[PDB]
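In order, the protein sequences belong to chains A, B and C.
So that you can map any letter, position 421 of the first sequence is 421 in this note's numbering, and since no number is skipped, the others follow by simple counting.
So that you can map any letter, position 383 of the second sequence is 878 in this note's numbering, and since no number is skipped, the others follow by simple counting.
So that you can map any letter, position 42 of the third sequence is 1032 in this note's numbering, and since no number is skipped, the others follow by simple counting.
Contents: one structure, followed by commentary.
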Amino acid sequence: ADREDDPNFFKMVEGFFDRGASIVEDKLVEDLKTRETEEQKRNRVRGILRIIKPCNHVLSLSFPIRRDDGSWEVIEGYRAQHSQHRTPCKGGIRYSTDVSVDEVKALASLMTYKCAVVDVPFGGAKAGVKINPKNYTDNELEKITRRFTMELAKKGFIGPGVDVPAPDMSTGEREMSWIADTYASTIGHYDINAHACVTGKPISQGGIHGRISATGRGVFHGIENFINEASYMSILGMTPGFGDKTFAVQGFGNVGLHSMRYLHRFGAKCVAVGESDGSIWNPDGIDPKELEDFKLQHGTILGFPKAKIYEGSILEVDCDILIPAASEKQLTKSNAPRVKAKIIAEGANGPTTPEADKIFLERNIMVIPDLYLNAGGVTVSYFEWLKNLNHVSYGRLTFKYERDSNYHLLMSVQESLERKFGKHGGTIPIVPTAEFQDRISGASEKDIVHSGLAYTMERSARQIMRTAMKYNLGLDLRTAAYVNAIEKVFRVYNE
Amino acid sequence: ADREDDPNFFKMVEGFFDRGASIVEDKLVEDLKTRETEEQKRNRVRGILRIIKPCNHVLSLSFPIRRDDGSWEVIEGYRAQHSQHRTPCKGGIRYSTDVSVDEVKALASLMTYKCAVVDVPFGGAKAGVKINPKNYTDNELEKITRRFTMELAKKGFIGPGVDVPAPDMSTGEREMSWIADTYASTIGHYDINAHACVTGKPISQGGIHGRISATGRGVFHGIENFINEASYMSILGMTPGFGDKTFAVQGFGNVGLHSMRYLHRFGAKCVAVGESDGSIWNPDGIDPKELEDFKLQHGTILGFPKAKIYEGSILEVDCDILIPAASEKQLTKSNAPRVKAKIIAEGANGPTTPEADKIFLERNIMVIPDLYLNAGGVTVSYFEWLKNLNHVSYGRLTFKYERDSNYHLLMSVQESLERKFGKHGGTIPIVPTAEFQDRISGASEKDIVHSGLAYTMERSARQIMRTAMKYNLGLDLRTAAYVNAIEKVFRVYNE
Amino acid sequence: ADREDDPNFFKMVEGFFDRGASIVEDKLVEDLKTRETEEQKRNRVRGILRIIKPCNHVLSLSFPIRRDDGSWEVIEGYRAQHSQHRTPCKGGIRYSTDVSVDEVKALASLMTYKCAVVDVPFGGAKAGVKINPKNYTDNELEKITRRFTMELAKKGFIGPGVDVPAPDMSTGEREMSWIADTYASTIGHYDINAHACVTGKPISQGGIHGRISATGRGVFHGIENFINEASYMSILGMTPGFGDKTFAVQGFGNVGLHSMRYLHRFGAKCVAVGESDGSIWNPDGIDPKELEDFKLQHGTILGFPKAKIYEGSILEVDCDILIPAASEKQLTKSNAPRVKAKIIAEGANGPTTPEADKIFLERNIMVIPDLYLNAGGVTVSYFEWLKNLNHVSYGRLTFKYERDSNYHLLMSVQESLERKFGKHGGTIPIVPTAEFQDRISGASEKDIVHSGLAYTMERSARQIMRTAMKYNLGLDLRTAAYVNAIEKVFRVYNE
Ligand SMILES: NC(=O)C1=CN([C@@H]2O[C@H](COP(=O)(O)OP(=O)(O)OC[C@H]3O[C@@H](n4cnc5c(N)ncnc54)[C@H](OP(=O)(O)O)[C@@H]3O)[C@@H](O)[C@H]2O)C=CC1
Ligand SMILES: NC(=O)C1=CN([C@@H]2O[C@H](COP(=O)(O)OP(=O)(O)OC[C@H]3O[C@@H](n4cnc5c(N)ncnc54)[C@H](OP(=O)(O)O)[C@@H]3O)[C@@H](O)[C@H]2O)C=CC1
Ligand SMILES: NC(=O)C1=CN([C@@H]2O[C@H](COP(=O)(O)OP(=O)(O)OC[C@H]3O[C@@H](n4cnc5c(N)ncnc54)[C@H](OP(=O)(O)O)[C@@H]3O)[C@@H](O)[C@H]2O)C=CC1
Ligand SMILES: Nc1nc2c(ncn2[C@@H]2O[C@H](COP(=O)(O)OP(=O)(O)OP(=O)(O)O)[C@@H](O)[C@H]2O)c(=O)[nH]1
Ligand SMILES: Nc1nc2c(ncn2[C@@H]2O[C@H](COP(=O)(O)OP(=O)(O)OP(=O)(O)O)[C@@H](O)[C@H]2O)c(=O)[nH]1
Ligand SMILES: Nc1nc2c(ncn2[C@@H]2O[C@H](COP(=O)(O)OP(=O)(O)OP(=O)(O)O)[C@@H](O)[C@H]2O)c(=O)[nH]1
Ligand SMILES: N[C@@H](CCC(=O)O)C(=O)O
Ligand SMILES: N[C@@H](CCC(=O)O)C(=O)O
Ligand SMILES: N[C@@H](CCC(=O)O)C(=O)O
Ligand SMILES: [Zn+2]
Ligand SMILES: [Zn+2]
Ligand SMILES: [Zn+2]
Ligand SMILES: [Zn+2]
Ligand SMILES: [Zn+2]
Ligand SMILES: [Zn+2]
């Protein structure tokens, strides 16, 4: 959404993909042990990547909606299913007038690779409805998200075993609660797992802890996994830890709000927030809760008391971490050289262009790629789907057993020691640390979503770092991610 | 029975609901953050509350049977589903002549509120067939069970993801076995979950441990949690603990007997048991096992040696704990004044009417409401359903692994204690407690049923107790319960 | 093919089953509660058994294939399903020219009793296709197994909850991956468990760790569980353990190879390998990894540098353990007199005829029977089917949480101890041993596969031993197995 650096979104991801695929093409051919080796392996690798790139299924919908004034409006909509190498497909629904089959094809291709980076067992899919939800009433929105769902279900583009959606820009809990309900009510009344047909749902309708803040929490973790690796902080020329540093977020939505929230909590200082109508600034810090508070009461952030209204690209604030948490293609050729930050935390899906990437590369700015950084969402989504399939709130059946097993464990160590040091020690009590006391009943659902997220973010950071160093990609972390993703997906097509 | 206090079962439970519905009314109202405020909320609340109360679907059957002698007899039956706010619906099949669409309706609703109290994710449901089983041969009872399953199946009132029935009065393992068999042999031949279609099954047919005795056991756990609470035991004027307590039991069925078994087990003296033809009595104690033996032997509890035949309402026996475990509407305004017991443990479904509830409160008899006490049934039926869904005996895959790990964990405390106390300590064997040795391979199925039930019946007892004290219901435990059932259900309907 | 002791495979297996039944007939009768005592107790038992013996269903197939050369070829095939007392049926697919309806029938019956022995909740089934796989192309072997999958799909002889096939002779990962796909391509396109329709799948395609290796790994465990019971090695006249031991293996396929791997890993010297074009032999040891490389490089074992072409029945090689791991009816009345080994571990399916079983009995030769010994297969098959159902890799969500739990757990022992022993201890570190360090995150998938298998095999080993002694069967391990399989399947037969 720019001027003279606005590449076709799908091809822009194909561009990233194609790059990380030459980095491994040698590795893939060497891997494949096919008896007809040769270039008849080089090419059967060439064939396989050629099948991965294009979305397998796209469905373009035109369906009518009775507006609230009575009039009829033909509402446009698409869901692309990138890959089935794992079913079901996974990916959000976006309500925007930028929605096009190519944008939605791209977000789709971005989603399989996002799930490969964090080893989430879904092929990618994405959906968009070409509307601007500020122009519609809640009742209209409901009328839309439901009719969109009925069309998806009858053509096989939603369903717990075939394709599971999620939230995105201008969608969220509410519209997730609608989709779930119209599918379960119609196409899947007999389907035991009907409410696993979409993620992002309200806690009470089958959703999971922290799903709303999930993408932003995972954003904090991806940054932490690098903000603390001195290997890179050296190459950057700045010091480890969050306690030093300063950041600005583009976008105050589910991603941005929660990206701010957590970075602030662990010490970092938010100097600048912006949305589609302006940006505010104050190097002394902006408290996410006051900002949020103000945002909720005023429909905008502009004119926040404890900050100035910043004239100028927030992308170009003076800060250490810039977090694009709005939409795509916001860091482009023309404005990359003015970025002033050292780290670009890609909250959003593909907010930086290939050619901004190259500016950042040689300008020694670390772009942490969307592929990995915003996969907090699908992770905690996958957890939500898994919650649905399992039909049990994590911990429920085992809390009392482990609280029990653990005192009996602890009591074993007590008794053993008292058996030996009869009265020299006397009564050796063996009791939980405050922190083991919290852990003592086993993981709760909240427990699993935080730790399982961390585990994923730290592990997928690692195999990005291990892969970045194995190929000397330096700060080009993006293509390192597409290397692991291309790697894993090819494996499925391979065997 | 009772002819002057025979309220229509559905409206009666509707009453209990409404009551609890009022005390939350201000709470629910202030919770919901709807922007359109003031009293558009208060309507919203009794608007949602007005959808909860009525049953969504009720299915009336008339189907023919060929009796043994060769005649044709027509059997009528019903199944009511009260909610789908949780899929599937859960609820028993009862075979009595009292069955009417209405009692099946009230029973179903009761099941919805029940599962809410007890955090089981099922909407309530219930069936009934208008036969006295006693009057049919085993072969006939089979035909009736099967054809009634086919009717429920075709019209979609049974199925693992729609509606999982279960036992009730005059049905047990045997019948569920036939239900599960004709379902899975016809409609379910393809369902990987065909045997999750019903619960209460023979363990050999998909059942779970202790599902027969599970509602009895949950009765005990429910009584215990209060009887061991000094706050209520002061108010009630009785000693904490089961040691000094005497109790009587109306009904000697699945929940009748096993309630006796577990209460007798932990120290309570069962002085009297009743059935549909009379009661027996002995304030020196009746042993469940001897009584069970005699009953299976002579089809009647009457004429049991070690206890006299008690002339009169066993409900009115002198005792600590009165446990209705028969049909509904047995403690009424007629006989509520002269009950004698200080704790009513509603093992049966809706056994004390609201008129009695009133007397009991200002008499300061404590009523543990069926809502919370007999949920030990679904809770294990929920476990059985979960067992079927997972297709593994709990523990099977982890027994050895957990056995080994605890051993190496224990070993690490040892090798570390010796690493410090070189030889003044010597060799310090760290060994499992006899009880941690039982708990060393991890929880078996049995362990999950026992412990999961215990956790459940207490976690729910606490938030009942907490809600009694927050709204000063004192001993109106039922009203706190519905207050919690409502609060949890309402949360679904609006969010 | 033995020209004087070739019983019809099905009847032969019926004999083993008959044998065991008359042993527990008195047992089944006495347990049977039945009011109708007497011998109408005996006759229901024998009627039920009369139901268990015959296969419930057999599908015979004729379907044409157009060969690579463009000619038309009528491929015959079979699937028999023997029991549904557990759904789905389980059992391998076999490609051979021996595949007859009677052979397929026998193998399927062998599956139901096999899973009964190892407590794998599957009725048994088996399919063959009457082809020499050596005589067809990869392309032709795909058209065949794909069309066979379609024939099996459309008549209900494959489906994740109806009948889950798996590998067997001349089938493997590559065929399973086709079955799985062909099924999930078509019929199962909406099935959330389409990929659980078959086991043996590649790991990237829903397979499980070590399932190729699973069966012989259980052959190892099953031998191990017997080779270490002094009671049985006494009777035998051999030393406990693998230390000094020596074995020959008929068959070098998926059972033969890994049986030979694992036995070799834990001591034993493999002295003969054999296939269908001959045997090799070397008393001083055949290293399995060597023989694999040579096999893989030469498509045969004959002329393996480190052994001599053995001439003469591999079944009569001098060794401690003879392992038939090929086809059935290898050890027959003609050559059983000449077998020389003391433990016959039946990794194959039905390798030993009944007349040869008799000879082995009175020769004091312990045949560890197929029924139990090669059930490592289904068990790990079971594990993968569950893997597919649970849609999560084992441990994924709990690793990080368990790590921190154990560290705080130990940290609790540390600080508790330091609180007592102020400075007379000083700093009392408590750390994981090396072994508990490996388990400190919880069980990985392979962890479960390895310990789950081992658990299953030791437990099943025991209940066979337990049965043998109680029935004074001594070395008739087979009848002990059938006696458990009959016991277990019966008792499901309750209405
Ligand atoms: N769970 C999720 O929702 C996940 C989201 N993502 C990605 O992160 C991005 C944001 O998602 P989310 O934050 O949920 O969407 P939301 O709609 O919830 O929040 C959107 C934010 O972006 C701002 N914004 C949009 N366009 C611009 C612009 N051109 N210039 C400045 N600010 C702008 C909006 O401001 P205004 O309100 O003024 O338009 C708002 O602050 C998307 O690209 C999404 O794909 C990644 C992973 C998961
Ligand atoms: N899982 C369950 O079974 C659950 C059951 N409940 C409730 O428990 C109650 C009993 O269930 P269950 O015990 O399974 O039924 P059963 O058929 O198992 O046995 C019921 C017993 O109650 C007796 N009885 C019935 N009505 C009367 C009466 N009016 N006066 C005296 N005795 C009577 C019967 O006597 P006879 O045999 O002589 O008729 C029989 O002995 C039911 O109301 C059920 O809804 C609640 C939660 C779970
Ligand atoms: N999961 C499994 O695979 C399980 C298999 N089994 C049983 O084990 C046996 C084979 O399993 P699998 O290893 O999969 O079969 P494979 O297809 O893997 O080949 C087995 C081996 O047997 C050899 N062989 C075949 N026929 C003869 C013969 N007449 N004389 C000598 N050697 C012969 C083959 O050599 P050639 O190539 O020359 O035929 C090959 O080395 C069957 O009985 C099967 O049912 C038991 C449990 C599970
Ligand atoms: N937008 C917003 N979300 C919040 C706020 N406080 C908590 N949350 C989110 O609400 C969900 C539940 O929060 P909590 O109940 O406080 O528990 P939590 O897991 O500690 O959540 P976190 O505070 O993010 O770590 C989490 O997703 C939180 O991120 C808030 O002030 N604003
Ligand atoms: N009718 C009857 N049931 C019993 C008896 N003993 C146990 N049960 C129930 O039958 C099932 C099998 O009993 P057990 O295998 O001993 O299991 P358990 O959990 O240790 O038994 P309990 O703790 O007494 O419930 C359990 O659900 C018991 O509750 C009995 O003597 N009579
Ligand atoms: N056919 C064959 N299988 C092998 C060979 N080496 C290992 N495997 C099997 O392939 C699987 C993958 O091996 P690993 O990742 O090393 O796992 P593992 O659990 O340590 O396997 P084990 O060596 O049997 O203990 C396991 O089932 C191995 O048994 C081999 O040389 N040939
Ligand atoms: N749409 C979000 C999350 C998708 C999901 O939760 O499935 C993303 O870009 O990753
Ligand atoms: N009908 C039983 C519960 C049966 C079940 O769903 O398992 C009750 O009223 O609580
Ligand atoms: N043919 C194999 C089947 C194993 C499986 O089901 O994977 C056996 O005899 O056990
Ligand atoms: Zn349409
Ligand atoms: Zn959280
Ligand atoms: Zn009908
Ligand atoms: Zn029990
Ligand atoms: Zn056909
Ligand atoms: Zn392994």
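For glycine and all other residues, C-beta sits at the position ideal for the given N, C-alpha and C.
Interface residues of chain A facing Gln1427(C) [CB-CB closer than 8 Å]: In the third sequence, the residue the question calls residue 1427(C) occupies position 437. Within 8 Å Cβ-Cβ: nothing; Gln1427(C) doesn't reach chain A, min ~17 Å.
How about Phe294(A): is its C-beta nearer than 8 Å to some C-beta of chain B? Taking the first residue of the first sequence as position 1, residue 294(A) is located at position 294. It does not; no Cβ of chain B falls within 8 Å.
Any idea if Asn139(A) is buried or exposed, counting beta-carbon neighbours within 10 angstroms, 16 or more meaning buried? If you number the first sequence from 1, residue 139(A) lands on position 139. Answer is exposed; the Cβ neighbour count stays below 16.
Proximity test, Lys638(B) beta-carbon vs ligand 12 heavy atom, cut-off 7 Å: Position 143 of the second sequence, counting from 1, holds the residue named residue 638(B). No; taking the cut-off as 7 Å, the Cβ of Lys638(B) has no heavy atom of ligand 12 nearer than that.
Does the stretch 735 to 744 of chain B come close enough to the stretch 690 to 707 of chain B to have 3 or more Cβ pairs within less than 8 Å? no
What's the call for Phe1237(C), buried or exposed, on a 16-neighbour Cβ count within 10 Å? In the third sequence, the residue the question calls residue 1237(C) occupies position 247. Its Cβ being crowded by 16 or more others within 10 Å, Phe1237(C) is buried.
What does DSSP give as the partner residues of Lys1259(C) in its beta bridges? Taking the third sequence and counting its residues from 1, the one referred to as residue 1259(C) is at position 269. In the DSSP output, where bridge partners are listed per residue, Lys1259(C) has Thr1236(C).
On a Cα-Cα basis, can you pick out the residue from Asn503(B), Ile518(B), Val659(B) and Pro927(B) that is closest to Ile981(B)? Translated into positions along the second sequence, residue 981(B) becomes position 486. Answer by Cα proximity: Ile518(B).
Identify, in the order they occur along the chain, each residue of the same chain with its Cβ nearer than 6 Å to the Cβ of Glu73(A), setting aside the five sequence neighbours on each side. Residue mapping note: residue 73(A) aligns to position 73 of the first sequence, counting from 1. Excluding sequence neighbours, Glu73(A) sits near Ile65 and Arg67.
In the stretch 1273 to 1322 of chain C, which residue ranges form an unbroken alpha helix (DSSP H) of at least 4 residues, counting only runs that do not cross its ends? DSSP assignment within the stretch 1273 to 1322 of chain C yields the following whole alpha helix (DSSP H) runs of 4 residues or more, N-terminal first: 1278 to 1288.
Any residues in the stretch 396 to 411 of chain A with a beta carbon nearer than 8 Å to a beta carbon of chain B? Which ones, in chain order? Considering only beta carbons, the part of the stretch 396 to 411 of chain A lying closer than 8 Å to chain B consists of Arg396, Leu397, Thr398, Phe399, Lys400, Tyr401, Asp404, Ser405, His408, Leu409 and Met411, in chain order.
So, are the CB atoms of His408(A) and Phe894(B) less than 8 Å apart? Within the first sequence, numbered from 1, the residue matching residue 408(A) stands at position 408. Within the second sequence, numbered from 1, the residue matching residue 894(B) stands at position 399. Not a contact, by the Cβ cut-off of 8 Å.
Going by DSSP, name the residue or residues bridged to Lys1080(C). Walking along the third sequence from the start, residue 1080(C) turns up at place 90. In the DSSP output, where bridge partners are listed per residue, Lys1080(C) has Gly1114(C) and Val1154(C).
Taking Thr1369(C) as the query, report the chain B residues whose CB atoms sit under 7 Å from its CB, ordered along the chain. The residue labelled residue 1369(C) in the question sits at position 379 within the third sequence. In chain order: nothing, as chain B lies at least about 10 Å away.
Find the nearest neighbour of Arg94(A) within the set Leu110(A), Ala127(A), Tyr113(A) and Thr112(A), judged by alpha-carbon distance. Residue 94(A) sits at position 94 when you count from the first residue of the first sequence. Answer by Cα proximity: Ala127(A).
With a threshold of 8 Å between beta carbons, is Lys333(A) in contact with chain B? As a first step, residue 333(A) must be located in the first sequence, where it is residue number 333. Answer no: the Cβ-Cβ gap between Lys333(A) and chain B never drops below 8 Å.
Please list the partners that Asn1183(C) has in chain B, where partner means a Cβ-to-Cβ separation under 9 Å. The residue you call residue 1183(C) lines up with position 193 of the third sequence. Per Cβ cutoff of 9 Å: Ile687.
Taking all protein chains shown into account, decide if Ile1299(C) is buried (16 or more other Cβ within 10 angstroms of its Cβ) or exposed. The sequence position of residue 1299(C) within the third sequence is 309, counting from 1. Flag for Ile1299(C) reads exposed.
Given a limit of 9 Å on CB to CB distance, which residues of the stretch 662 to 678 of chain B reach chain C? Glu668, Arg669, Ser672, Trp673 and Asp676
Compare the C-beta of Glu1485(C) against all C-beta atoms of chain B and say whether one is closer than 8 Å. By 1-based counting over the third sequence, the position of residue 1485(C) is 495. Yes, its Cβ sits closer than 8 Å to a Cβ of chain B.
Do the stretch 419 to 433 of chain A and the stretch 1398 to 1416 of chain C touch if we need at least three Cβ pairs shorter than 8 Å? yes
Should the stretch 1244 to 1255 of chain C be called in touch with the stretch 1194 to 1208 of chain C, which here means at least 3 C-beta pairs below 8 Å? yes
Quick check on this structure: which residue in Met465(A), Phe122(A), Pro354(A) and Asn472(A) has the alpha carbon closest to the alpha carbon of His1381(C)? For the purposes of this step, residue 1381(C) is taken as the residue at position 391 of the third sequence. Among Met465(A), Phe122(A), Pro354(A) and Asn472(A), the Cα nearest to that of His1381(C) belongs to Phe122(A).
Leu884(B) CB to nearest chain A CB: under 8 Å? To locate residue 884(B), count along the second sequence from 1; it is residue 389. Judged by the 8 Å Cβ criterion, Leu884(B) is in contact with chain A.
Within the 8 Å Cβ cut-off, does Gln297(A) reach chain B? Numbered from its first residue, the first sequence carries residue 297(A) at position 297. By this cut-off, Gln297(A) is not an interface position.
Applying the 10 Å Cβ sphere with the 16-neighbour rule, what's the burial state of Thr1027(C)? Within the third sequence, residue 1027(C) is the residue found at index 37, counting from 1. When all chains shown are included, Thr1027(C) counts as exposed.
Shorter than 8 Å from the beta carbon of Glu1130(C) to some beta carbon of chain A? Taking the third sequence and counting its residues from 1, the one referred to as residue 1130(C) is at position 140. Judged by the 8 Å Cβ criterion, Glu1130(C) is not in contact with chain A.
Taking the straight line between their C-alpha atoms, what separation do you get for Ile570(B) and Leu647(B)? Against the second sequence, residue 570(B) aligns to sequence position 75. Against the second sequence, residue 647(B) aligns to sequence position 152. When rounded, the separation of the alpha-carbon atoms in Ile570(B) and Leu647(B) is 14 Å.
Any beta-carbon of chain B closer than 8 Å to the one on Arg1481(C)? In the third sequence, residue 1481(C) corresponds to position 491, counting from 1. Chain B contact via Cβ: present.
Does any CB atom of chain A fall closer than 8 Å to the CB of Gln1071(C)? Within the third sequence, the letter at position 81 stands for residue 1071(C). Not one chain A Cβ lies under 8 Å of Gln1071(C).
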